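# Sequence plus experimental coordinates follow:
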Amino acid sequence: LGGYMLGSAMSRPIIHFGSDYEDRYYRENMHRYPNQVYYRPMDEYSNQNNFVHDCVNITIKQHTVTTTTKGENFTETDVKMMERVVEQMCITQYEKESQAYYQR
């Protein structure tokens, strides 16, 4: 966390995996997953998935670590469901300042 920020929530997205089962599983148990993602300003690694994967892994880690506190682990399914969400948020965060940076 040594030099990041918490810039916006972007509610709780819905991301239709392609299985009615997962689509319920998430819609029940979404609250354990995030509604905000940490990130940094553009300092290298800023184009397609580069920036997104870095902030994703931090926020998926922050969830991991919040649940090593409570006495849980997110199994890899929950983690992959989180990654869908945490990516969708961070892509939106790229689509703010970086789009002004590439405006001129």
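That came through fine. Numbers count the residues shown, from 1 in each chain.
# Now do the helix ranked longest in the chain: distance to the chain's middle.
Ordering each helix of the chain by length in residues (DSSP state H) puts helix 76-101 first. How far helix 76-101 lies from its chain's middle: 5 Å, per CA atoms, centre = their mean, to the nearest Å.
# my guess is residue 90 meets residue 49, correct?
No - in this structure, residue 90 is not within contact of residue 49 by CB atoms under 8 Å, at 9.6 Å. Heads up, the C-betas are built off the backbone N, CA and C, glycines and all.
# Looking at those two, which is more packed in?
Shown here are residue 90 and residue 49; by other CB atoms under 10 Å, residue 90 has more neighbours (23 against 13).
# which residues sit in contact with that one?
Going by CB atoms under 8 Å, 6 or more residues apart in numbering, residue 90 touches 37, 39, 51, 52, 55, 56, 59.
# re earlier: in the longest helix of the chain, which residues have enough neighbours to count as buried?
Using 16 or more other CB atoms under 10 Å as the test for burial, helix 76-101 gives 78, 81-91, 93-94.
# Same check on stretch 33-43?
33, 34, 36, 37, 38, 39, 40.
# and these, which of them are in strands?
With strands taken from DSSP state E, there is no overlap with these.
# Distance to residue 71 for the residues you listed - can I get that in JSON lines?
JSON lines is the format used below for the buried residues of stretch 33-43 (distance: CB to CB, whole Å):
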{"residue": "33", "distance to residue 71": "18"}
{"residue": "34", "distance to residue 71": "19"}
{"residue": "36", "distance to residue 71": "23"}
{"residue": "37", "distance to residue 71": "24"}
{"residue": "38", "distance to residue 71": "23"}
{"residue": "39", "distance to residue 71": "28"}
{"residue": "40", "distance to residue 71": "30"}
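# Out of the residues you listed, which comes closest to residue 20?
Set against residue 20, the nearest of the buried residues of stretch 33-43 by CB to CB is residue 33 (18.8 Å).
# Leaving out chain neighbours, which residue sits closest to the closest one?
residue 82 (5.1 Å; CB to CB, 6 or more residues apart in numbering).
# quick one, what contacts that neighbour?
Residue 82 touches 33, 34, 60, 63, 74, counting by CB under 8 Å, 6+ apart.
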